[PDB]
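Asks: Starting off with a structure, shown below.
Because the Cβ atoms are built from the backbone with ideal geometry, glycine has one as well, and the counts that use them run over all protein chains shown. Where a number appears in this text, it was derived from the coordinates with a stated rule and is not lab data.
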Ligand SMILES: Nc1ncnc2c1ncn2[C@@H]1O[C@H](COP(=O)(O)OP(=O)(O)O)[C@@H](O)[C@H]1O
């Protein structure tokens with residue numbers, strides 16, 4: 001039932017179906033699912049995959065250990081809160097972002113590079129198509145009208161899937177970001 | 001009326017391809033099975049639009065309900081066919097036109113047993129009384145292949161169409177796919193192209209009424225017997241052959257034809273295979289029959305050789321009129337040097353016939369093709385010479401020698417003499433048989449130019465049928481020179 005709420009955004013309520021206004025879906029755990037199980041369907045549909053950990057800086061640990069801010073309060077002012085009309089209007093302007101020819105040469109190069117390495121994780125067409133929706137919205141909320149080459153850094157938390165693919169995805173993207181992104185290696 | 005049906009089918013599948021690139025062979029194959037009562041199997045990695053094709057086929061009908069479900073290792077029949085109270089089957093499987101089951105190679109024994117009765121009997125055990133199921137299309141996708149000795153082989157043998165989908169490969173088709181603004185949950189099919197419930201029930205009766213020509217039966221029986229002799233060929237049972245006719249007869253009905261066309265045999269490349277080993281053998285065995293016995297390609301090649309053999313037989317029979325005189329030359333030399341004819345012969349790989357045939361290398365021959373570059377050295381310097389038999393094989397050594405009347409004598413193992421002769425400067429019998437064979441090539445090529453516009457035929461396969469028909473017409477035109 002969780003797969004139909006993401007693609008169709010509906011729910012089988014006995015007889016008639018109704019839409020679900022799900023704007024954000026977060027899933028946390030601790031371990032990784034099996035490589036040959038039924039739980040791989042939900043993992044392949046989740047776009048962003050973050051690997052959170054504990055704090056490491058000493059200066060950031062003192063202010064965190066003694067924080068008087070309530071976790072169940074409202075620390076966001078009313079002037080910065082978006083309305084329901086602004087959320088429905090932004091969904092139409094996200095897909096209207098133009099795709100420059102320079103950005104397409106970087107996506108096709110990174111996709112072909114992972115198909116040659118045996119230890120590289122397989123990226124399906126669903127992961128590539130859904131990554132554009134997050135990349136186009138990154139430039140829309142930043143003051144841009146087209147896809148910028150700097151938005152390719154967000155792919156480091158989407159292509160990976162386990163501990164072995166984390167060190168390979170962050171390494172292959174860093175080469176393209178410091179080589180073919182701004183014509184570094186081309187020059 | 002039958003000609004106008006091909007326009008509506010070609011326009012219906014065109015609207016279904018909006019937003020799905022490099023998936024033309026998957027949409028047209030699922031549309032034919034949805035209008036004929038068959039099934040379809042999809043194989044590939046998860047993430048190649050394997051679930052959108054199941055939700056897109058429900059838009060072609062006026063009243064069609066979709067059903068998406070993922071079969072797990074601990075799945076229960078109460079979650080697929082609806083739980084009981086007599087069974088709450090409101091929107092599940094017994095009352096669904098198109099059902100989608102992902103990863104079917106891992107379900108339970110209770111769900112697999114109930115799924116076999118919904119295809120053959122098209123019913124469901126609803127506690128006491130049974131009710132029919134209006135299932136018009138059944139699609140099953142996964143990622144891996146079932147075991148060779150397991151209970152999951154019963155459902156795989158019943159699935160007719162087996163497609164092996166993969167990711168995109170073209171660079172131009174990837175840019176438009178990566179940035180597609182078409183909604184996947186919308187309705188991109190107009191109301192004028194959507195079929196009704198009355199048209200679906202009427203087409204099921206006209207599918208079985210398609211006549212089976214005698215020329216098509218000779219191709220099905222030949223392909224079935226060819227797979228029974230190869231050990232690495234997949235076994236095709238009687239259920240697979242019988243169900244393949246329902247998809248072949250409906251392919252010509254929706255294209256403007258009343259009988260089974262030989263071009264419909266290309267659809268068997270996604271039904272006979274079952275694994276990675278049978279994929280390279282099924283596509284290869286069908287391509288030979290499609291470019292050999294489908295349009296009489298190989299049938300005319302063996303008939304053309306009989307005309308060439310008959311022309312060489314009549315030339316060696318009348319060889320007593322033209323002999324072979326070798327002129328002499330003067331000069332100062334220790335050996336008797338001989339010279340060939342000047343302008344009378346100018347070809348390099350010329351052929352020379354003979355009168356009485358002999359047995360050379362434990363085989364018969366009717367003409368020996370010599371080389372002009374090696375004949376000048378043997379007639380002057382001497383030594384040994386080589387030459388192939390019947391214009392084929394390697395240049396074998398022969399017992400060539402000169403005669404008292406300036407002629408060439410070829411001996412064998414019994415010291416039998418044979419005077420060689422050159423062919424003179426088209427008989428009426430050869431031209432009559434060549435004109436009849438050329439007329440059959442034009443009639444066979446006209447049939448391909450009237451049925452290649454089928455929607456259920458891939459585009460890359462048309463390049464091999466046209467290239468195979470042109471090779472036969474080019475070989476018959478060289479003999480009449
Ligand atoms: N080859 C393709 N061509 C066009 N669109 C595709 C392709 N593969 C995937 N998509 C798009 O990705 C979206 C999600 O596909 P998904 O259902 O995850 O595929 P699968 O069922 O194979 O996992 C679909 O809406 C589809 O439009």
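Asks: So is residue B:65 within 12 Å of chain A (Cβ to nearest Cβ) and either in a helix (DSSP H, G or I) or closer than 21 Å to residue B:41 by Cα (or both) or not? I'd like the intermediate steps shown before the answer.
Replies: Numbers: within 12 Å of chain A (Cβ to nearest Cβ): yes; either in a helix (DSSP H, G or I) or closer than 21 Å to residue B:41 by Cα (or both): yes.
When the stated conditions are applied, residue B:65 passes them.
Asks: Considering region B:14-26 alone, what residues qualify as being more than 11 Å from the ligand (Cβ to nearest atom), over 24 Å from the mean Cα position of the chain (by Cα) and within 15 Å of residue B:456 (Cα to Cα)?
Replies: Passing the criteria: B:14, B:16.
Asks: If you check residue B:73 against the conditions, is it within 14 Å of chain A (Cβ to nearest Cβ), outside any helix (DSSP H, G or I), more than 13 Å from the ligand (Cβ to nearest atom) and under 27 Å from residue B:145 (Cα atoms)? I'd like the intermediate steps shown before the answer.
Replies: Working: within 14 Å of chain A (Cβ to nearest Cβ): yes; outside any helix (DSSP H, G or I): yes; more than 13 Å from the ligand (Cβ to nearest atom): yes; under 27 Å from residue B:145 (Cα atoms): yes.
So residue B:73 fits the description; yes.
Asks: Take the conditions under 27 Å from residue A:130 (Cβ atoms) and away from the ligand (no atom under 16 Å from the Cβ) and apply them to residue A:40. Does it pass?
Replies: Details: under 27 Å from residue A:130 (Cβ atoms): yes; away from the ligand (no atom under 16 Å from the Cβ): no.
Answer is no for this residue.
Asks: Further question on the same structure: For residue B:60, only one of the following conditions fails: (1) under 28 Å from residue B:266 (Cβ atoms); (2) within 13 Å of chain A (Cβ to nearest Cβ). What is its number?
Replies: Among (1) under 28 Å from residue B:266 (Cβ atoms); (2) within 13 Å of chain A (Cβ to nearest Cβ), the lone unmet condition for residue B:60 is (2).
Asks: Within 14 Å of chain A (Cβ to nearest Cβ) and part of a helix (DSSP H, G or I) - does that describe any residue in region B:103-118?
Replies: If we filter region B:103-118 for residues that are within 14 Å of chain A (Cβ to nearest Cβ), which is where we start, we get B:103-108, B:111.
From what is left, the residues that are part of a helix (DSSP H, G or I) are B:111.
Checking region B:103-118: at least one residue is within 14 Å of chain A (Cβ to nearest Cβ) and part of a helix (DSSP H, G or I).
Asks: Also: Please tell me if residue A:95 is over 15 Å from the mean Cα position of the chain (by Cα) and within 16 Å of the ligand (Cβ to nearest atom).
Replies: Values: over 15 Å from the mean Cα position of the chain (by Cα): yes; within 16 Å of the ligand (Cβ to nearest atom): yes.
Yes, satisfied.
Asks: Here's another thing I want to ask about it. Return the pair list, or none, for Cβ contacts closer than 6 Å from residues in region B:43-55 that are in a helix (DSSP H, G or I) to residues that are near the ligand (Cβ under 7 Å from one of its atoms), at least 6 apart or on different chains.
Replies: B:52/B:184
Asks: What number of residues within region B:18-42 satisfy the criterion of being touching a strand residue (DSSP E or B) at 6+ places or on another chain (Cβ under 9 Å) and in a helix (DSSP H, G or I)?
Replies: 8
Asks: Would you mind telling me which numbered condition in (1) buried (at least 20 other Cβ atoms within 10 Å of the Cβ); (2) over 30 Å from residue B:144 (Cβ atoms); (3) within 16 Å of the chain's Cα centre (by Cα) residue B:216 fails?
Replies: (1)
Yes or no, residue by residue, for (1) more than 11 Å from chain B (Cβ to nearest Cβ); (2) more than 18 Å from residue B:71 (Cα to Cα):
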residue	(1), (2)
A:13	no, yes
A:26	yes, yes
A:29	yes, yes
A:37	no, no
A:47	yes, yes
A:55	yes, yes
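Asks: Since residue A:85 meets every condition but one in (1) buried (at least 16 other Cβ atoms within 10 Å of the Cβ); (2) out of contact with any strand residue (DSSP E or B) (no Cβ under 9 Å at 6 or more places or on another chain); (3) more than 30 Å from residue A:163 (Cα to Cα), which condition does it not meet?
Replies: Only one criterion is unmet by residue A:85, namely (1).
Asks: Further question: Tell me, yes or no, whether region B:323-340 has at least one residue that is touching a helix residue (DSSP H, G or I) at 6+ places or on another chain (Cβ under 6 Å) and within 30 Å of residue B:437 (Cβ to Cβ).
Replies: As a first pass, look at region B:323-340 and keep what is touching a helix residue (DSSP H, G or I) at 6+ places or on another chain (Cβ under 6 Å): B:337-338.
Restricting the remaining residues to those that are within 30 Å of residue B:437 (Cβ to Cβ) gives none.
So far as region B:323-340 goes, no, none of its residues is touching a helix residue (DSSP H, G or I) at 6+ places or on another chain (Cβ under 6 Å) and within 30 Å of residue B:437 (Cβ to Cβ).
Asks: Additional query: Looking at (1) away from chain A (no Cβ under 14 Å); (2) touching a helix residue (DSSP H, G or I) at 6+ places or on another chain (Cβ under 6 Å), which one does residue B:41 not meet, given that it meets all the others?
Replies: (2)
Asks: Tell me, which strands (runs of 3 or more DSSP E) lie completely within region B:129-206 with 1 or more residues that are more than 14 Å from every other protein chain (Cβ to nearest Cβ) and either within 13 Å of the ligand (Cβ to nearest atom) or in contact with a helix residue (DSSP H, G or I) (Cβ under 6 Å, 6 or more places away or on another chain) (or both)? Don't jump to the end; show me each part of the working.
Replies: Working: elements: B:130-132, B:137-141, B:161-164.
Of the strands (runs of 3 or more DSSP E) lying wholly inside region B:129-206, those with at least 1 residues that are more than 14 Å from every other protein chain (Cβ to nearest Cβ) and either within 13 Å of the ligand (Cβ to nearest atom) or in contact with a helix residue (DSSP H, G or I) (Cβ under 6 Å, 6 or more places away or on another chain) (or both) span B:137-141, B:161-164.
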